[PDB]
Amino acid sequence: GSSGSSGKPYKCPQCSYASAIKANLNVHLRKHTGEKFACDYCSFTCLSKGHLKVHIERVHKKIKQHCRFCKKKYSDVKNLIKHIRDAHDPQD
Ligand SMILES: [Zn+2]
Ligand SMILES: [Zn+2]
Ligand SMILES: [Zn+2]
C-alpha cells in the first residue's frame, strides 16, 4: 500500500522538527527551552515575543476592551478607539 518506507514519524510540538527516534525528540525539545512567551488570553505559547502579539491580534482579535478612562467596555475595540478621540479628546 501507499505506506511503504516511512520515516521521521516523531514530530516536534514546538517546531517543524522531526526524527526517527523518541529520545532525539526529547533532547531536541531541550534546545527550544529558554524564552517562552505565553498568551495572556489562552494556554498559547511562543518563542518569539513579536509573534505572540500577533497571535492575539489574529486569535483574540476584537475582544471586549475596557476603556482605561471611563471603565467602559466595548464589544469591538475599533469603536473604543474612536470613543476616546471623541469623549476623551485631548487638547493636543
Ligand atoms: Zn523543535
Ligand atoms: Zn491566545
Ligand atoms: Zn472612555
# chains A, B, ... in the order shown; residues from 1 in each chain; ligands from 1
>>> select_by_dssp(residues="chain A", states="strand (DSSP E)", output="PyMOL selection string")
chain A and resi 10-11+18-19+37-38+45-46+65-66+73-74
>>> write_last_selection(atoms="N, CA and C atoms", output="PDB file, in the first residue's frame")
ATOM      1  N   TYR A  10       8.275  10.899  14.468  1.00  0.00           N
ATOM      2  CA  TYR A  10       8.250  11.756  15.646  1.00  0.00           C
ATOM      3  C   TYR A  10       8.400  13.224  15.255  1.00  0.00           C
ATOM      4  N   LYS A  11       7.377  14.017  15.555  1.00  0.00           N
ATOM      5  CA  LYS A  11       7.393  15.440  15.237  1.00  0.00           C
ATOM      6  C   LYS A  11       7.519  16.279  16.506  1.00  0.00           C
ATOM      7  N   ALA A  18      11.736  16.927  13.213  1.00  0.00           N
ATOM      8  CA  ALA A  18      11.358  15.521  13.158  1.00  0.00           C
ATOM      9  C   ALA A  18      12.578  14.618  13.313  1.00  0.00           C
ATOM     10  N   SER A  19      12.342  13.382  13.741  1.00  0.00           N
ATOM     11  CA  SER A  19      13.422  12.422  13.936  1.00  0.00           C
ATOM     12  C   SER A  19      12.891  10.992  13.896  1.00  0.00           C
ATOM     13  N   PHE A  37       7.116  32.931  25.674  1.00  0.00           N
ATOM     14  CA  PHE A  37       6.088  33.950  25.853  1.00  0.00           C
ATOM     15  C   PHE A  37       4.693  33.341  25.746  1.00  0.00           C
ATOM     16  N   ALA A  38       4.023  33.209  26.887  1.00  0.00           N
ATOM     17  CA  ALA A  38       2.681  32.642  26.922  1.00  0.00           C
ATOM     18  C   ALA A  38       1.626  33.714  26.665  1.00  0.00           C
ATOM     19  N   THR A  45       1.571  29.576  23.619  1.00  0.00           N
ATOM     20  CA  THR A  45       2.952  29.935  23.918  1.00  0.00           C
ATOM     21  C   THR A  45       3.764  30.105  22.639  1.00  0.00           C
ATOM     22  N   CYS A  46       4.800  30.935  22.707  1.00  0.00           N
ATOM     23  CA  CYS A  46       5.657  31.185  21.554  1.00  0.00           C
ATOM     24  C   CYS A  46       7.061  31.582  21.997  1.00  0.00           C
ATOM     25  N   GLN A  65     -12.937  45.200  25.094  1.00  0.00           N
ATOM     26  CA  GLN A  65     -11.952  46.135  25.626  1.00  0.00           C
ATOM     27  C   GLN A  65     -12.597  47.103  26.612  1.00  0.00           C
ATOM     28  N   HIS A  66     -11.949  47.295  27.757  1.00  0.00           N
ATOM     29  CA  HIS A  66     -12.459  48.196  28.783  1.00  0.00           C
ATOM     30  C   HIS A  66     -11.675  49.505  28.797  1.00  0.00           C
ATOM     31  N   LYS A  73     -16.678  49.194  28.738  1.00  0.00           N
ATOM     32  CA  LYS A  73     -16.389  48.059  27.869  1.00  0.00           C
ATOM     33  C   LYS A  73     -16.897  48.315  26.453  1.00  0.00           C
ATOM     34  N   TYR A  74     -16.229  47.717  25.473  1.00  0.00           N
ATOM     35  CA  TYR A  74     -16.612  47.881  24.076  1.00  0.00           C
ATOM     36  C   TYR A  74     -16.461  46.569  23.313  1.00  0.00           C
TER      37      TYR A  74
END
>>> residues_near_ligand(ligand="ligand 3", cutoff="10 Å", atoms="only C-alpha atoms and all ligand atoms", output="list in words")
residues 66, 67, 68, 69, 70, 71, 72, 73, 74, 80, 81, 82, 83, 84, 85, 86, 87, 88 and 89 of chain A
>>> write_last_selection(atoms="N, CA, C and O atoms", output="PDB file, in the first residue's frame")
ATOM      1  N   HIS A  66     -11.949  47.295  27.757  1.00  0.00           N
ATOM      2  CA  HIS A  66     -12.459  48.196  28.783  1.00  0.00           C
ATOM      3  C   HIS A  66     -11.675  49.505  28.797  1.00  0.00           C
ATOM      4  O   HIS A  66     -10.478  49.520  29.086  1.00  0.00           O
ATOM      5  N   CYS A  67     -12.357  50.600  28.481  1.00  0.00           N
ATOM      6  CA  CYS A  67     -11.725  51.913  28.456  1.00  0.00           C
ATOM      7  C   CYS A  67     -11.058  52.223  29.793  1.00  0.00           C
ATOM      8  O   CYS A  67     -11.716  52.258  30.834  1.00  0.00           O
ATOM      9  N   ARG A  68      -9.749  52.447  29.758  1.00  0.00           N
ATOM     10  CA  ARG A  68      -8.993  52.752  30.967  1.00  0.00           C
ATOM     11  C   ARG A  68      -9.248  54.186  31.419  1.00  0.00           C
ATOM     12  O   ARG A  68      -8.613  54.675  32.355  1.00  0.00           O
ATOM     13  N   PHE A  69     -10.180  54.856  30.750  1.00  0.00           N
ATOM     14  CA  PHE A  69     -10.519  56.235  31.082  1.00  0.00           C
ATOM     15  C   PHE A  69     -11.863  56.308  31.799  1.00  0.00           C
ATOM     16  O   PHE A  69     -11.977  56.901  32.872  1.00  0.00           O
ATOM     17  N   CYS A  70     -12.881  55.700  31.198  1.00  0.00           N
ATOM     18  CA  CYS A  70     -14.219  55.696  31.777  1.00  0.00           C
ATOM     19  C   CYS A  70     -14.681  54.270  32.069  1.00  0.00           C
ATOM     20  O   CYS A  70     -15.879  53.991  32.115  1.00  0.00           O
ATOM     21  N   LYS A  71     -13.721  53.372  32.265  1.00  0.00           N
ATOM     22  CA  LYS A  71     -14.027  51.977  32.553  1.00  0.00           C
ATOM     23  C   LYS A  71     -15.257  51.517  31.777  1.00  0.00           C
ATOM     24  O   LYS A  71     -16.164  50.903  32.338  1.00  0.00           O
ATOM     25  N   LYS A  72     -15.281  51.817  30.483  1.00  0.00           N
ATOM     26  CA  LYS A  72     -16.397  51.433  29.628  1.00  0.00           C
ATOM     27  C   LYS A  72     -15.987  50.325  28.663  1.00  0.00           C
ATOM     28  O   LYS A  72     -15.064  50.494  27.865  1.00  0.00           O
ATOM     29  N   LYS A  73     -16.678  49.194  28.738  1.00  0.00           N
ATOM     30  CA  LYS A  73     -16.389  48.059  27.869  1.00  0.00           C
ATOM     31  C   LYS A  73     -16.897  48.315  26.453  1.00  0.00           C
ATOM     32  O   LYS A  73     -17.873  49.038  26.255  1.00  0.00           O
ATOM     33  N   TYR A  74     -16.229  47.717  25.473  1.00  0.00           N
ATOM     34  CA  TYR A  74     -16.612  47.881  24.076  1.00  0.00           C
ATOM     35  C   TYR A  74     -16.461  46.569  23.313  1.00  0.00           C
ATOM     36  O   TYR A  74     -15.357  46.043  23.173  1.00  0.00           O
ATOM     37  N   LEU A  80     -13.964  51.622  20.577  1.00  0.00           N
ATOM     38  CA  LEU A  80     -13.302  52.164  21.759  1.00  0.00           C
ATOM     39  C   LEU A  80     -12.293  53.240  21.372  1.00  0.00           C
ATOM     40  O   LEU A  80     -12.175  54.265  22.045  1.00  0.00           O
ATOM     41  N   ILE A  81     -11.570  53.002  20.284  1.00  0.00           N
ATOM     42  CA  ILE A  81     -10.574  53.953  19.805  1.00  0.00           C
ATOM     43  C   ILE A  81     -11.213  55.298  19.473  1.00  0.00           C
ATOM     44  O   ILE A  81     -10.828  56.332  20.019  1.00  0.00           O
ATOM     45  N   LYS A  82     -12.191  55.276  18.575  1.00  0.00           N
ATOM     46  CA  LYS A  82     -12.887  56.491  18.172  1.00  0.00           C
ATOM     47  C   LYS A  82     -13.494  57.198  19.380  1.00  0.00           C
ATOM     48  O   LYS A  82     -13.462  58.426  19.474  1.00  0.00           O
ATOM     49  N   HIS A  83     -14.044  56.416  20.303  1.00  0.00           N
ATOM     50  CA  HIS A  83     -14.655  56.968  21.507  1.00  0.00           C
ATOM     51  C   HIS A  83     -13.683  57.890  22.237  1.00  0.00           C
ATOM     52  O   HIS A  83     -13.977  59.064  22.464  1.00  0.00           O
ATOM     53  N   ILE A  84     -12.525  57.350  22.603  1.00  0.00           N
ATOM     54  CA  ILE A  84     -11.510  58.125  23.306  1.00  0.00           C
ATOM     55  C   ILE A  84     -11.227  59.440  22.588  1.00  0.00           C
ATOM     56  O   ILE A  84     -11.099  60.489  23.221  1.00  0.00           O
ATOM     57  N   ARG A  85     -11.131  59.377  21.264  1.00  0.00           N
ATOM     58  CA  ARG A  85     -10.864  60.563  20.460  1.00  0.00           C
ATOM     59  C   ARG A  85     -12.080  61.484  20.428  1.00  0.00           C
ATOM     60  O   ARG A  85     -11.978  62.652  20.052  1.00  0.00           O
ATOM     61  N   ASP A  86     -13.230  60.951  20.825  1.00  0.00           N
ATOM     62  CA  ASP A  86     -14.467  61.723  20.843  1.00  0.00           C
ATOM     63  C   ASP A  86     -14.716  62.318  22.226  1.00  0.00           C
ATOM     64  O   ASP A  86     -14.714  63.536  22.398  1.00  0.00           O
ATOM     65  N   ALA A  87     -14.930  61.449  23.208  1.00  0.00           N
ATOM     66  CA  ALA A  87     -15.180  61.888  24.576  1.00  0.00           C
ATOM     67  C   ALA A  87     -13.881  62.277  25.273  1.00  0.00           C
ATOM     68  O   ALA A  87     -13.766  63.369  25.829  1.00  0.00           O
ATOM     69  N   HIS A  88     -12.905  61.374  25.242  1.00  0.00           N
ATOM     70  CA  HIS A  88     -11.613  61.624  25.872  1.00  0.00           C
ATOM     71  C   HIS A  88     -10.669  62.338  24.910  1.00  0.00           C
ATOM     72  O   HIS A  88      -9.468  62.067  24.889  1.00  0.00           O
ATOM     73  N   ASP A  89     -11.218  63.249  24.115  1.00  0.00           N
ATOM     74  CA  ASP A  89     -10.425  64.003  23.152  1.00  0.00           C
ATOM     75  C   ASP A  89      -9.506  64.993  23.860  1.00  0.00           C
ATOM     76  O   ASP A  89      -9.953  65.961  24.476  1.00  0.00           O
TER      77      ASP A  89
END
>>> closest_atom_pairs(of="chain A", to="ligand 1", cutoff="7 Å", atoms="only C-alpha atoms and all ligand atoms", output="tab-separated table")
residue	atom	partner	partner_atom_place_in_ligand_line	distance
A:12	CA	ligand 1	1 (Zn)	4.7
A:13	CA	ligand 1	1 (Zn)	6.8
A:14	CA	ligand 1	1 (Zn)	4.9
A:15	CA	ligand 1	1 (Zn)	4.1
A:16	CA	ligand 1	1 (Zn)	6.2
A:17	CA	ligand 1	1 (Zn)	4.7
A:28	CA	ligand 1	1 (Zn)	5.8
A:29	CA	ligand 1	1 (Zn)	5.3
A:32	CA	ligand 1	1 (Zn)	6.2
>>> write_last_selection(atoms="N, CA and C atoms", output="PDB file, in the first residue's frame")
ATOM      1  N   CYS A  12       8.089  17.471  16.366  1.00  0.00           N
ATOM      2  CA  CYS A  12       8.268  18.370  17.499  1.00  0.00           C
ATOM      3  C   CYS A  12       7.066  19.297  17.654  1.00  0.00           C
ATOM      4  N   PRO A  13       6.398  19.212  18.814  1.00  0.00           N
ATOM      5  CA  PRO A  13       5.223  20.035  19.114  1.00  0.00           C
ATOM      6  C   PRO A  13       5.581  21.504  19.316  1.00  0.00           C
ATOM      7  N   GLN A  14       6.862  21.823  19.164  1.00  0.00           N
ATOM      8  CA  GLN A  14       7.334  23.192  19.330  1.00  0.00           C
ATOM      9  C   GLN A  14       7.737  23.795  17.987  1.00  0.00           C
ATOM     10  N   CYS A  15       8.258  22.955  17.100  1.00  0.00           N
ATOM     11  CA  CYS A  15       8.685  23.404  15.781  1.00  0.00           C
ATOM     12  C   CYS A  15       8.420  22.331  14.727  1.00  0.00           C
ATOM     13  N   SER A  16       8.864  22.590  13.502  1.00  0.00           N
ATOM     14  CA  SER A  16       8.673  21.649  12.405  1.00  0.00           C
ATOM     15  C   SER A  16       9.813  20.636  12.353  1.00  0.00           C
ATOM     16  N   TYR A  17      10.313  20.257  13.523  1.00  0.00           N
ATOM     17  CA  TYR A  17      11.406  19.296  13.612  1.00  0.00           C
ATOM     18  C   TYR A  17      10.877  17.865  13.600  1.00  0.00           C
ATOM     19  N   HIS A  28      15.916  17.281  21.519  1.00  0.00           N
ATOM     20  CA  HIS A  28      15.667  18.373  20.586  1.00  0.00           C
ATOM     21  C   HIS A  28      14.789  19.445  21.224  1.00  0.00           C
ATOM     22  N   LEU A  29      13.824  19.010  22.028  1.00  0.00           N
ATOM     23  CA  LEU A  29      12.915  19.932  22.700  1.00  0.00           C
ATOM     24  C   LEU A  29      13.660  20.783  23.723  1.00  0.00           C
ATOM     25  N   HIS A  32      14.736  24.140  22.494  1.00  0.00           N
ATOM     26  CA  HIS A  32      13.676  25.140  22.432  1.00  0.00           C
ATOM     27  C   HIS A  32      13.580  25.911  23.745  1.00  0.00           C
TER      28      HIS A  32
END
>>> select_by_dssp(residues="chain A", states="alpha helix (DSSP H)", output="ChimeraX atom specification")
/A:22-32,49-58,77-86
>>> residues_near_ligand(ligand="ligand 2", cutoff="6 Å", atoms="only C-alpha atoms and all ligand atoms", output="PyMOL selection string")
chain A and resi 39+41-42+44+56
>>> write_last_selection(atoms="C-alpha atoms", output="PDB file, in the first residue's frame")
ATOM      1  CA  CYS A  39      -0.573  34.232  25.757  1.00  0.00           C
ATOM      2  CA  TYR A  41      -5.728  35.032  26.825  1.00  0.00           C
ATOM      3  CA  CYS A  42      -5.268  31.287  26.350  1.00  0.00           C
ATOM      4  CA  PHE A  44      -0.827  29.505  23.977  1.00  0.00           C
ATOM      5  CA  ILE A  56      -3.702  37.902  19.939  1.00  0.00           C
TER       6      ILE A  56
END
>>> atom_distance(atom1="atom CA of residue 76 of chain A", atom2="atom CA of residue 62 of chain A")
5.3 Å
>>> closest_residue(among="A:36, A:5, A:92, A:31", to="residue 51 of chain A", atoms="only C-alpha atoms")
A:36
>>> atom_distance(atom1="atom CA of residue 25 of chain A", atom2="atom CA of residue 54 of chain A")
27.7 Å
>>> atom_distance(atom1="atom CA of residue 64 of chain A", atom2="atom CA of residue 90 of chain A")
23.6 Å
